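From first to last, the protein sequence lines stand for chains A and B. As numbered in this note's numbering, residues 4 to 729 make up the first sequence, in order. As numbered in this note's numbering, residues 4 to 729 make up the second sequence, in order. All C-beta atoms in this analysis are idealised placements derived from N, C-alpha and C, irrespective of residue type, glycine included. Reading through the structure tokens given below for one structure.
2 protein chains.
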Amino acid sequence: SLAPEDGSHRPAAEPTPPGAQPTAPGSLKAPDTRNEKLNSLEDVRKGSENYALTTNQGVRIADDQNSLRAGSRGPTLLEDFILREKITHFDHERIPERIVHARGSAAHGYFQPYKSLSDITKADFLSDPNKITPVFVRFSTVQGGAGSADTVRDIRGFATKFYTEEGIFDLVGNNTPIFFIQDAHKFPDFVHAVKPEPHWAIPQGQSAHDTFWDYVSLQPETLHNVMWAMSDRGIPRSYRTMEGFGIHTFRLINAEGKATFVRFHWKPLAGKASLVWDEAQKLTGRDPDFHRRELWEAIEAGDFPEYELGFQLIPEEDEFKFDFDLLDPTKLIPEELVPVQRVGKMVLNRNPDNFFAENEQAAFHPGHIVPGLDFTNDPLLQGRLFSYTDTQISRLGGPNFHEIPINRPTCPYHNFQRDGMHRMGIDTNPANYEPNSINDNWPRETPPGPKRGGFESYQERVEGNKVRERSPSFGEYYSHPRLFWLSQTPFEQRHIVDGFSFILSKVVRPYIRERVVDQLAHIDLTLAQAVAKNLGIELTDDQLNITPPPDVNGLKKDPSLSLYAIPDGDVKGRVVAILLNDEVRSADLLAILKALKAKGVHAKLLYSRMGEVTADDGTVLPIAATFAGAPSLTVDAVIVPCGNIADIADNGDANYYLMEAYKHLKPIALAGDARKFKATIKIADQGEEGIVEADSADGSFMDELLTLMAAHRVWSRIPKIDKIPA
Amino acid sequence: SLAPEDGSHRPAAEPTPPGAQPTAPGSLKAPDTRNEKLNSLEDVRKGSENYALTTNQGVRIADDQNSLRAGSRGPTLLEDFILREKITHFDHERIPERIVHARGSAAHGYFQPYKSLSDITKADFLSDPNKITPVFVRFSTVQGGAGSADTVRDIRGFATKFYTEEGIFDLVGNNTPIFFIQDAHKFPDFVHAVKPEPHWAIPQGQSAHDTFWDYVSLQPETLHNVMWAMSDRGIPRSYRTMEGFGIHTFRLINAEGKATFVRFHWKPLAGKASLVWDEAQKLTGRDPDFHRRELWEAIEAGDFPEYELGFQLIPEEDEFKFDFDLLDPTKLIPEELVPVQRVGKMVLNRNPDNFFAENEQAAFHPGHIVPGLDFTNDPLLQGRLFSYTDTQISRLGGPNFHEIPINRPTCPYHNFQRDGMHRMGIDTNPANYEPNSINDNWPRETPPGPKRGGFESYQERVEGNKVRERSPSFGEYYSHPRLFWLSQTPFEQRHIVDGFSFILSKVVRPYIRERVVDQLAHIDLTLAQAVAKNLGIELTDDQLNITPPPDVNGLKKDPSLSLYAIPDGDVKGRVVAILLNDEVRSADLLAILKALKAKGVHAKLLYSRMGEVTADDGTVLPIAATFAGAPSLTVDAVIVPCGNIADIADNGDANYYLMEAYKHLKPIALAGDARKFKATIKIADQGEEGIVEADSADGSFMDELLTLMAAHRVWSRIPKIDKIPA
Ligand code: HEM
Ligand code: HEM
């Protein structure tokens, strides 16, 4: 017995805020959170408490501290099968990481539709609002390895496995509505150009290198998704506060056999929110696990990530009605033209028990569709269908990867496939082929039908010659980049310019920077000039005269493309740093902590050391972290209560905490003598918008702070931060 | 043609300083740098210029931009074998990363001894000062994955593969002279506890988490290497500026059969130097590839990493003459007791061509010894012998990993082994067994002897019962930690206290913190109390009265255990940031660059934008990076020349650059009106040691700066940095 006698080693099995308790496996933290998939995993969950330590063959071990040797200082013997089994298993623990999206974080949850969609699709999981479908979701970055940092600038992956009654459906999307390239044949070229360069394997998690921009400059189709990656969409505050998209047009097929084109969306119910670049890049150093951590702790707190599935629907007769090709994955469909129809809600409400077994071995593949859905001829989608099946054969060790417990359907599966590495299922069917008589032909084919039918493809007409040729309808590269740009707020446009400027500054070969700047001038001359100025580049008269590309079906902006143009802020689940001193005004702290609790906003109490401090009235305040240990990067706002300010006023760490929070546009509130910190951040006497200040933390101080938190960041401060040295 | 007209896409094939040219594959950057191993890889080097693009079967491709489809908007066809080959290969790119030391950076080079060692060993590679042995060396961290950052706090690996005329010898060592654990049976326990925790797979690259300190607190044998990890040894400046050690006692065997015990050492000819923690941690975010980059760029510049191989030698009759067991890998052999004898020099002088083919696939294993060496009963080394061969079977895909080109011997190898996956060698021998008559028994066994003999194990006497038992002589855990602690300078001690305080503050369960402080009180009460104070823990009276452990064979200190107590500074290869303005004084720049060139120190010219600025005499200066893009973290010292200082005086980024460099203890030099920057870092008019200042940047100014750089950092400034907000 090595556990403390007070039982403090074990976290409470009830929701608790971030940092209040050590994190735990989801079945120990939330044993009563259940769904059909989590219940079906019971057969493979292994406990531990009260069991003897054994080999994998069930033999009890007496001494797990020592190898068998001839004499206690002698050589180790070959006959030590206990040492060799333990070291052999350790020696073979790693499997290949995913070829892209190697870094990702996952959780269990469930999905329910708001109404039956049987008029447009026979998909069983969308047939009935009382039908609950378990889900497993994995969020990821794209370029870096499984040990790379979370808050890099990158596209994010948003992969959902729906365990439906008619089959697994994987919706394998990203957090932007288009991809970089048009045909799958290019995907190894593009991914090779953005990955670390092959001679020295640098840089990790970054597009800021020459090969990426070389490919971009030569492949203008990439420019649309580049614009999105360079914007603050490339640096989300959390997986909870980004959008998701299936990117491709797919089809829905109803029981009458009618096809409707569809594009899939996820809307974050917590709102859209991103970091700023310097903060994101700093955070890759101070907490490279920040999004992983935030996801897991939101779930343990009860702040479940929620997303609304929505569909943009286009009738078959309207395939050719747009200025762009529906099949072109580098083109978005503006919501002003085709609104997103709300379809259902997904809640992620339980973490995994074991990251390797459930997250790392999870396999998602966009070819996993169910009756009621079908594909289109999008030439990027068509090639993905080959790739995911193939990669999984090496990553997961063979063709029985669907037998790995996280990947198993919860519905029946029976067929004539046999053997392969790692085969779990023991088939008793006399027959392993069909047609057969010796088992009366079971398991049997099922005709298509309105419910529980076999899968049949939509009979789309194909006509043309066998060609390797890009459709001319795909040959337009600048109008969607321009629509995105014009849709952004002025501060979002500043961050895009700063994104391109910082990143192209890292391209070593200057002609590549000049080639990128030339492509920008085909998008928008204001963008191209602002980026050129930062790079010391002067546009030519020719460049200044390129005519802008056309509007997209008459649109000169679509506000749904901006993160911030339409307010959708939600504070629940956000976190505030409170900077303590050794004699805090206890009435400030009561008012601050209860107002944050009332809105589901978490707090972290910070000081110059660990332990406790004592408030004016004798209340013992437990310290969560130090100013250096939990820097401003990790919170959404900063509150300084009154008390003995001289305790911290000369603490370089406390001042720099506020300087960093201020630079990064975060709301700051200063009560009482904490206003002395105004000099640190150069705030005028009569104050400024985004700094909350009062004699005490009572009356309207917390409401004002919370209003700032709902707007996310103080964009109006952008021209004031250029001066502060932080 | 896509290349720019001027040929600027291609780096010059001559040595160039960091940033002057794009980096390149070693055989293209340095085609005249050769050794027997580099030449032998010629069979498998593949060029590219003037060749047609083909499938892997040699079929020329006409259109690599498109899949085959039925019509140009039609579905992709299964008969597209070009698309499927390209996507198959991409889908199967990844192999498992190494179970530990997955993040690493490698180069080729050569070794040669200073004099023959034939009196103590028959090893052929040590037999002749004029016989050069090629090497391949990989440096690494321990815990993080292949995509984690370089400048984490961790132990580092230093693995050298010597391609000798009598077989491959791999010296697989680390940068501290002990390990954390005593018996290989515990390695999976220790590794599991340090690695990301199994529920959520957090944290990457960091021992700052509960499981690791739980293990340490229950396994006091770990404390020695924990001390080294918590010191600035855990955060080296470069792989060129750290020590290497084989850790275990091995044997040398001479031609007369005499065994001598040996421990192996590498001494860095560039000197020992480490970062400070806040610098290291921020650099994981701003350049997570810093050590990989710095190594590759030093080699491209001609600043070849050089190390001296050194042996501590103990006669067989002196095995038991110390206070500690020589076979205990948690114990070091103080150089005050047993001096390191210099043996030879290793120079790393060429980078690889392809990081995956040569670095990722390299296999090092400490069981690869040659005649003239042998093992001892060290029970950590005994289990390593099993593990490396085993793990390479899955990581590298089968038992023919020695035919992967980097791993091949350059000396003859012939035997009766056959087959296995990806067998390259085609054996012509009629026999695949011995004894045989049908091939007159070839290849034949070779008796041992003085040179070119077969391997025979030294006939150590073994006497004991078959036991799983730790030698009693290993059960002492505090005297070597205490020796190490007392051997450190006062600032090194402060950084150890700060390393423990920062890390244990991140441990969530407070009783694990308390149990580690209790361990520290068994080492040194001053250390234990300074950590306790930062953690809000009060030592009990019993803890205050714990008797210090005994001195190590009478030693109260050994200065060879400190990074800095004995100067060994070398400025060649270091880098200075020069902060430009838009009217630089050219006479300042002349003098600065001429003095830096004389000592082989590199310069990076920084400004508030890219492109060029023009000096007072019209010299056009290309800008390397912006003040934000290349922060002070990435240089050794900062110079600000005179010129139009108003251009940069109120730039936040330039002021912050100086404040960060100051906080991180780096030399700063300010010429002429650049002295106006003294106010941002609060230097008095009379000036301060570590800040060089004058009316212009003459010979005297540069000599003082280069003097400061030779002592690496300005330790005397430590008391002044806590009040700077940076
Ligand atoms: C719209 C464009 C695409 C999107 C939205 C997309 C999305 C994703 C996501 C989210 C993952 C990670 C799934 C997980 O969390 O495990 C992924 C992995 C993968 N993607 Fe795609 N992807 C796209 C295009 C492609 C293309 C064109 C190919 C190849 C033809 C491809 C090949 C792969 C492979 C090989 C993996 C790793 C799968 C595994 O190991 O299980 N992706 N992609
Ligand atoms: C003195 C203590 C040890 C030192 C100095 C040491 C050093 C290293 C180094 C430097 C590497 C990376 C080599 C490379 O760059 O590829 C490595 C890899 C490894 N080490 Fe050790 N190690 C030690 C103890 C152990 C123990 C006790 C075991 C297991 C019994 C072990 C198992 C491994 C394994 C499995 C690898 C992966 C090798 C591969 O995949 O090729 N290590 N170690």
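A:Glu96 versus chain B: which residues are under 7 angstroms apart at the beta carbon?
What you label residue 96 of chain A is simply residue 93 of the first sequence in a count that begins at 1. Those are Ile102, listed as they occur along chain B.
With a threshold of 16 other CB atoms inside 10 Å of the CB of B:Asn468, please say whether the residue is buried or exposed.
Here the question's residue 468 of chain B lines up with position 465 in the second sequence. Answer is exposed; the Cβ neighbour count stays below 16.
Beta-carbon proximity list for B:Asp620, same chain, < 7 angstroms, skipping 5 on both sides
The sequence position of residue 620 of chain B within the second sequence is 617, counting from 1. Here the set comprises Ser589.
Unbroken stretches of the alpha helix (DSSP H), 4 residues or longer, contained in the region 523-561 of chain A
528-537 and 544-547
Anything in chain A within Cβ reach of B:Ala580, meaning under 7 angstroms, just list it in chain order.
Indexing the second sequence from 1 puts residue 580 of chain B at position 577. Near B:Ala580 there are no residues of chain A at all, since even the closest Cβ is about 15 angstroms away, more than 7 angstroms.
Can you pull the chain B neighbours of A:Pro369, defined as C-beta to C-beta under 8 angstroms?
As a first step, residue 369 of chain A is located in the first sequence; it is residue number 366 there, counting from the start. What A:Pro369 touches in chain B: nothing, since even the nearest Cβ is about 14 angstroms away.
What residue ranges within the region 671-725 of chain B form continuous alpha helix (DSSP H) runs of no fewer than 4 residues, ordered along the chain?
702-713 and 721-724
A:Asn177: beta carbon under 8 angstroms from a heavy atom of ligand 1?
Translated into positions along the first sequence, residue 177 of chain A becomes position 174. At least one heavy atom of ligand 1 is nearer than 8 angstroms to the Cβ of A:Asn177, so yes.
Let me know if A:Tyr117 comes out buried or exposed under the rule of 16 or more other beta-carbons within 10 Å of its beta-carbon.
On the first sequence, residue 117 of chain A is found 114 positions in, with the first residue counted as 1. So A:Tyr117 counts as exposed.
Any beta carbon from chain B within less than 9 angstroms of A:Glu437's own beta carbon?
The residue given as residue 437 of chain A occupies position 434 in the first sequence. Not one chain B Cβ lies under 9 angstroms of A:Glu437.
Going by the beta-carbon positions, is the gap between B:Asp591 and B:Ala531 smaller than 9 angstroms?
Reading the second sequence from its first residue, position 588 is the one you call residue 591 of chain B. Reading the second sequence from its first residue, position 528 is the one you call residue 531 of chain B. For B:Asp591 and B:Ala531, no; Cβs fall outside 9 angstroms.
Run the CB neighbour count on A:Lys559, radius 10 Å, all protein chains shown included, and call it buried at 16 or more, exposed below.
By one-based count along the first sequence, residue 559 of chain A stands at place 556. Exposed.
Hey, would you say the C-beta of B:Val103 is under 8 angstroms away from at least one heavy atom of ligand 2?
Mapped onto the second sequence, residue 103 of chain B falls at position 100. Result yes, Cβ under 8 angstroms from ligand 2.
Within 10 angstroms of its Cβ, does A:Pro291 collect 16 or more other Cβ (buried), or is it exposed?
As a first step, residue 291 of chain A must be located in the first sequence, where it is residue number 288. Per the 10 Å Cβ criterion, buried.
If you compare alpha carbons, which of A:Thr19, A:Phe267, A:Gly288 and A:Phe172 is closest to B:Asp153?
For the purposes of this step, residue 153 of chain B is taken as the residue at position 150 of the second sequence. Checking every option, the nearest Cα to that of B:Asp153 belongs to A:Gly288.
Cα separation between A:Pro551 and A:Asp527?
In the first sequence, counting from the first residue as 1, residue 551 of chain A sits at position 548. In the first sequence, counting from the first residue as 1, residue 527 of chain A sits at position 524. A:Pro551 and A:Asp527: Cα-Cα distance of roughly 6 angstroms.
Could you check the C-alpha separation between B:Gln284 and B:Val155 for me, to the nearest Å?
As a working mapping, residue 284 of chain B is identified with position 281 in the second sequence. As a working mapping, residue 155 of chain B is identified with position 152 in the second sequence. Straight-line Cα distance between these residues: approximately 7 angstroms.
Span separating the alpha-carbon of B:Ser611 from that of B:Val587:
On the second sequence, residue 611 of chain B is found 608 positions in, with the first residue counted as 1. On the second sequence, residue 587 of chain B is found 584 positions in, with the first residue counted as 1. When rounded, the distance between both Cα atoms is 14 angstroms.
CB contact below 9 angstroms: A:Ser43 versus chain B
In the first sequence, counting from the first residue as 1, residue 43 of chain A sits at position 40. No, because no Cβ of chain B sits closer than 9 angstroms to the Cβ of A:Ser43.
Can you look up B:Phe494 in the DSSP assignment and give me helix, strand or coil?
By 1-based counting over the second sequence, the position of residue 494 of chain B is 491. The answer is helix: DSSP assigns B:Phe494 an H, G or I state.
Tell me, please, which residues DSSP counts as bridged to B:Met349.
Reading the second sequence from its first residue, position 346 is the one you call residue 349 of chain B. Answer is B:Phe114 and B:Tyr310, bridged to B:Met349.
Beta-bridge pairing of A:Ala628 - partner residues as DSSP gives them
On the first sequence, residue 628 of chain A is found 625 positions in, with the first residue counted as 1. BP columns for A:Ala628 point to A:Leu609.
Answer yes or no: does any C-beta atom of chain A fall closer than 9 angstroms to that of B:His251?
Locating residue 251 of chain B in the second sequence gives position 248, where the first residue counts as 1. So, not an interface residue.
Give a single yes or no on whether B:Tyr391 has its beta carbon closer than 8 angstroms to a heavy atom of ligand 2.
Taking the second sequence and counting its residues from 1, the one referred to as residue 391 of chain B is at position 388. Checking every heavy atom of ligand 2 against the Cβ of B:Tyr391, one is found closer than 8 angstroms.
DSSP three-state label for B:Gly148, please.
Here residue 148 of chain B corresponds to residue number 145 of the second sequence, with the count starting at 1. Here B:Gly148 sits in coil by DSSP.
Tell me the DSSP bridge mates of A:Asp153?
Counted from its first residue, the first sequence places residue 153 of chain A at position 150. Note: A:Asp153 sits in no beta bridge, so no partner.
Across the region 565-574 of chain A and the region 645-663 of chain A, are there enough close Cβ pairs to call them in contact, namely three or more that are closer than 8 angstroms?
no
Between A:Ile181 and A:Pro308, how many whole angstroms is the CB-CB distance? I'm expecting something under 8 angstroms.
Against the first sequence, residue 181 of chain A aligns to sequence position 178. Against the first sequence, residue 308 of chain A aligns to sequence position 305. About 24 angstroms; that fails the 8 angstroms criterion.
Would the beta-carbon of A:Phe193 fall within 9 angstroms of that of A:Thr225?
As a working mapping, residue 193 of chain A is identified with position 190 in the first sequence. As a working mapping, residue 225 of chain A is identified with position 222 in the first sequence. Yes, these two residues count as a Cβ contact at 9 angstroms.
Would you list, in chain order, the members of the region 56-72 of chain B that have their beta-carbon closer than 8 angstroms to a beta-carbon of chain A?
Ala65, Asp66, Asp67, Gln68, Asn69, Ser70, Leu71 and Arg72
Less than 8 angstroms separating the Cβ of B:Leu383 from some heavy atom of ligand 4?
Ligands in the displayed structure: ligand 1 and ligand 2; ligand 4 is not one of them.
Return yes when at least one heavy atom of ligand 2 lies under 8 angstroms from the C-beta of A:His525, else no.
Counting from 1 along the first sequence, the entry for residue 525 of chain A is found at position 522. A:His525 Cβ: outside cutoff for every heavy atom of ligand 2.
Can you tell me where the beta strand (DSSP E) with A:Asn658 in it begins and where it stops?
The sequence position of residue 658 of chain A within the first sequence is 655, counting from 1. Element bounds for A:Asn658: not the beta strand (DSSP E) but the alpha helix (DSSP H), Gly655 to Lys666.
Look at the Cβ atom of A:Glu459, then the Cβ atom of A:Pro453, and state whether they are nearer than 9 angstroms.
Here the question's residue 459 of chain A lines up with position 456 in the first sequence. Here the question's residue 453 of chain A lines up with position 450 in the first sequence. No, these two residues do not count as a Cβ contact at 9 angstroms.
Select from the region 318-336 of chain A all residues with a C-beta closer than 8 angstroms to any C-beta belonging to chain B, and list them in chain order.
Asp328 and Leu330
DSSP state of B:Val520, grouped into three classes?
By one-based count along the second sequence, residue 520 of chain B stands at place 517. B:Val520 falls in the helix class under three-state DSSP.
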